[PDB]
$ cat start.cif   # mmCIF, C-alpha atoms
data_structure
#
loop_
_atom_site.group_PDB
_atom_site.id
_atom_site.type_symbol
_atom_site.label_atom_id
_atom_site.label_comp_id
_atom_site.auth_asym_id
_atom_site.auth_seq_id
_atom_site.Cartn_x
_atom_site.Cartn_y
_atom_site.Cartn_z
ATOM 1 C CA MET S 1 319.585 178.114 -25.756
ATOM 2 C CA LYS S 2 318.346 179.079 -29.221
ATOM 3 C CA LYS S 3 317.881 182.479 -30.860
ATOM 4 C CA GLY S 4 315.940 183.434 -33.975
ATOM 5 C CA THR S 5 313.198 185.542 -35.539
ATOM 6 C CA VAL S 6 309.534 184.684 -34.993
ATOM 7 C CA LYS S 7 307.243 183.876 -37.919
ATOM 8 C CA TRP S 8 303.934 184.062 -36.053
ATOM 9 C CA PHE S 9 302.663 184.121 -32.468
ATOM 10 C CA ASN S 10 298.932 183.729 -31.840
ATOM 11 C CA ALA S 11 298.101 185.747 -28.724
ATOM 12 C CA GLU S 12 294.415 184.823 -28.880
ATOM 13 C CA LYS S 13 295.006 181.139 -28.137
ATOM 14 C CA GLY S 14 298.380 181.602 -26.472
ATOM 15 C CA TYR S 15 300.739 179.758 -28.804
ATOM 16 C CA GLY S 16 303.353 180.415 -31.470
ATOM 17 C CA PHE S 17 306.357 179.161 -33.424
ATOM 18 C CA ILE S 18 309.832 180.682 -33.705
ATOM 19 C CA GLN S 19 312.243 180.261 -36.616
ATOM 20 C CA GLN S 20 316.046 180.285 -36.619
ATOM 21 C CA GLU S 21 318.698 180.710 -39.312
ATOM 22 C CA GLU S 22 317.234 177.535 -40.811
ATOM 23 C CA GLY S 23 313.761 177.541 -39.288
ATOM 24 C CA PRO S 24 313.350 174.140 -37.596
ATOM 25 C CA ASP S 25 310.214 174.048 -35.446
ATOM 26 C CA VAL S 26 309.814 175.100 -31.812
ATOM 27 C CA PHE S 27 306.681 175.148 -29.657
ATOM 28 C CA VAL S 28 306.142 178.355 -27.683
ATOM 29 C CA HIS S 29 303.201 179.496 -25.557
ATOM 30 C CA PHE S 30 302.092 182.853 -24.153
ATOM 31 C CA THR S 31 303.080 181.407 -20.777
ATOM 32 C CA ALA S 32 306.636 180.790 -21.973
ATOM 33 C CA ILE S 33 307.630 184.368 -22.791
ATOM 34 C CA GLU S 34 309.699 186.269 -20.228
ATOM 35 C CA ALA S 35 309.513 189.990 -20.992
ATOM 36 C CA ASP S 36 308.816 193.258 -19.175
ATOM 37 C CA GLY S 37 305.087 193.623 -19.762
ATOM 38 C CA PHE S 38 302.799 191.563 -21.983
ATOM 39 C CA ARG S 39 304.185 188.059 -22.498
ATOM 40 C CA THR S 40 304.324 187.901 -26.296
ATOM 41 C CA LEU S 41 306.574 188.278 -29.340
ATOM 42 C CA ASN S 42 306.414 190.275 -32.573
ATOM 43 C CA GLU S 43 306.064 188.835 -36.077
ATOM 44 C CA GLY S 44 309.315 189.492 -37.914
ATOM 45 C CA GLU S 45 311.188 190.328 -34.720
ATOM 46 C CA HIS S 46 314.166 188.618 -33.081
ATOM 47 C CA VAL S 47 313.714 186.592 -29.892
ATOM 48 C CA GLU S 48 315.688 184.002 -27.930
ATOM 49 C CA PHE S 49 313.863 180.839 -26.865
ATOM 50 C CA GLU S 50 315.017 177.987 -24.629
ATOM 51 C CA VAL S 51 313.922 174.630 -26.043
ATOM 52 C CA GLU S 52 312.980 172.271 -23.212
ATOM 53 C CA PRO S 53 312.377 168.492 -23.119
ATOM 54 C CA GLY S 54 309.182 167.724 -21.228
ATOM 55 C CA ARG S 55 307.731 171.159 -21.949
ATOM 56 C CA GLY S 56 306.635 171.213 -25.579
ATOM 57 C CA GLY S 57 303.814 169.005 -26.802
ATOM 58 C CA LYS S 58 306.123 167.911 -29.611
ATOM 59 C CA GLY S 59 309.318 168.192 -27.589
ATOM 60 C CA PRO S 60 311.491 171.328 -27.763
ATOM 61 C CA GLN S 61 309.572 174.274 -26.311
ATOM 62 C CA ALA S 62 310.475 177.914 -25.686
ATOM 63 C CA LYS S 63 310.695 177.346 -21.931
ATOM 64 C CA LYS S 64 312.597 180.639 -21.812
ATOM 65 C CA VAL S 65 311.782 183.304 -24.402
ATOM 66 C CA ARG S 66 313.336 186.770 -24.581
ATOM 67 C CA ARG S 67 312.477 189.844 -26.652
ATOM 68 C CA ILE S 68 315.114 191.008 -29.133
#
$ encode --input "start.cif" --output "structure tokens"
Amino acid sequence: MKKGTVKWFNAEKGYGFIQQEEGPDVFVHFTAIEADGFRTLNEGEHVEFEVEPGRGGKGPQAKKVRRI
């Protein structure tokens, strides 16, 4: 499980990328956010994402994202 602030999350297409203390590179989609309402994050806000293996096109994906 990883936690960090988001840098940008395109809701139009349904994709985004979260950044941690260092800002590696995680693949997150609108269908990967688990919140109470509209599945999406906020630019400059904190959110916990669960990097998964066979989930992200590149590898580690936010299989489980949470609003913070």
$ residues_around --input "start.cif" --residues "segment 63-68 of chain S" --least-positions-apart "3" --cutoff "10 Å" --atoms "all atoms listed in the file" --output "mmCIF file with C-alpha atoms, in the coordinates of the input"
data_model
loop_
_atom_site.group_PDB
_atom_site.id
_atom_site.type_symbol
_atom_site.label_atom_id
_atom_site.label_comp_id
_atom_site.auth_asym_id
_atom_site.auth_seq_id
_atom_site.Cartn_x
_atom_site.Cartn_y
_atom_site.Cartn_z
ATOM 1 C CA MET S 1 319.585 178.114 -25.756
ATOM 2 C CA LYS S 2 318.346 179.079 -29.221
ATOM 3 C CA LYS S 3 317.881 182.479 -30.860
ATOM 4 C CA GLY S 4 315.940 183.434 -33.975
ATOM 5 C CA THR S 5 313.198 185.542 -35.539
ATOM 6 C CA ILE S 18 309.832 180.682 -33.705
ATOM 7 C CA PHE S 27 306.681 175.148 -29.657
ATOM 8 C CA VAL S 28 306.142 178.355 -27.683
ATOM 9 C CA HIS S 29 303.201 179.496 -25.557
ATOM 10 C CA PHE S 30 302.092 182.853 -24.153
ATOM 11 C CA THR S 31 303.080 181.407 -20.777
ATOM 12 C CA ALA S 32 306.636 180.790 -21.973
ATOM 13 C CA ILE S 33 307.630 184.368 -22.791
ATOM 14 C CA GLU S 34 309.699 186.269 -20.228
ATOM 15 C CA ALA S 35 309.513 189.990 -20.992
ATOM 16 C CA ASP S 36 308.816 193.258 -19.175
ATOM 17 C CA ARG S 39 304.185 188.059 -22.498
ATOM 18 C CA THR S 40 304.324 187.901 -26.296
ATOM 19 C CA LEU S 41 306.574 188.278 -29.340
ATOM 20 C CA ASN S 42 306.414 190.275 -32.573
ATOM 21 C CA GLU S 45 311.188 190.328 -34.720
ATOM 22 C CA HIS S 46 314.166 188.618 -33.081
ATOM 23 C CA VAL S 47 313.714 186.592 -29.892
ATOM 24 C CA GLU S 48 315.688 184.002 -27.930
ATOM 25 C CA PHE S 49 313.863 180.839 -26.865
ATOM 26 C CA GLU S 50 315.017 177.987 -24.629
ATOM 27 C CA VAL S 51 313.922 174.630 -26.043
ATOM 28 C CA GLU S 52 312.980 172.271 -23.212
ATOM 29 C CA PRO S 53 312.377 168.492 -23.119
ATOM 30 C CA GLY S 54 309.182 167.724 -21.228
ATOM 31 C CA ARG S 55 307.731 171.159 -21.949
ATOM 32 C CA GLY S 56 306.635 171.213 -25.579
ATOM 33 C CA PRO S 60 311.491 171.328 -27.763
#
$ atom_distance --input "start.cif" --atom1 "atom CA of residue 59 of chain S" --atom2 "atom CA of residue 38 of chain S"
24.9 Å
$ closest_residue --input "start.cif" --among "S:6, S:16, S:37, S:11" --to "residue 61 of chain S" --atoms "all atoms listed in the file"
S:16
$ axis_aligned_box --input "start.cif" --around "segment 65-68 of chain S" --padding-each-side "5 Å" --output "lines of an AutoDock Vina configuration file"
center_x = 313.4
center_y = 187.2
center_z = -26.8
size_x = 13.3
size_y = 17.7
size_z = 14.7
$ atom_distance --input "start.cif" --atom1 "atom CA of residue 22 of chain S" --atom2 "atom CA of residue 10 of chain S"
21.3 Å
